[PDB]
């Protein structure tokens, strides 16, 4: 009954309170190694990450799933270092996001499957650290390459038991096409999380997917720019409006299909220069936003602690456990 982390295998019970969609650093392949000064220094980024993970730990978090893929600049050595120093388990990811380089974007579905399988079965780079989740993405209707990635993710999941988590443009209802592609491959809906689902107010869309067995990733809760580049990224909808979608799905009877997270980071190079400073001012709680602000909000709205423990401990454990 084991889940692979950056420090090795852990049992289901060791996972505890788990944030299912997080990042230590949102970057690009090889960027942190080639230009650490962008983040001040590698040491400055690592120290910031340790403090943020310790804040989350003190708030109840025991494990985070870093959904940073190869093209998000996942540096598993950094993840292992910060995991050790902060005493928080970190599950690493394979897959591809929306910035694949030529060496990835010109590959066949068979080759992409081999790559995802290499990171889950053998390890990431020369570290021996095995991926425990597959991250994929669509920003509207899937491009021919994105469809290949979704199929390769499904094939890698079916061969390993490792789950698939997605980035969606929720307003364009991407989850429906993602679902259709995954099902055509024979992938069980219970092994898939349709992420960034709190970016929409269309409850019928979320309820329809949850009814089919999909996990609904309400992971953009602190992403709100109420009050230019930050307004186009975070949005105009409040955290309360996003958090009420958790309550709405519990009221529909789909508490077992909900996964909550912050989609936070401590370094962010894949956007405008001072974006990390803007994000830190919008949400000073960081990864601690879910246990410090969202859980007490839901408690005062009438949601029991047994249901909230089910969403934050039981659901991620069932999702991450290789099945």
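Numbering follows the first chain given and starts at 1.
Per the record, residue 227 and residue 228 are separated by a gap of 4 to 9 residues from the deposited sequence that were not modelled. For the pair 168-176 and 233-241, the record assigns the higher mean C-alpha temperature factor to 233-241. According to the PDB record, 196-204 carries the higher mean C-alpha B-factor of the two stretches 144-152 and 196-204. Annotation for 62, 256, 54, 42: 256 ranks highest, by Cα B-factor. Each of 69, 27, 262, 274 has a CA temperature factor in the record; the biggest one is found at 274. In the deposited entry, the Cα temperature factor of residue 33 sits in the middle third of values across the chain's modelled residues. Compared with the other modelled residues of the chain, the Cα B-factor recorded for residue 15 ranks in the middle third. When the CA B factors of the chain's modelled residues are split into thirds, the value for residue 215 lands in the middle one. Per the deposited record, the Cα B-factor of residue 184 falls in the middle third when ranked against the other modelled residues of its chain. Among the modelled residues of its chain, residue 113 has a C-alpha B-factor that falls in the lowest third, as given in the PDB entry.
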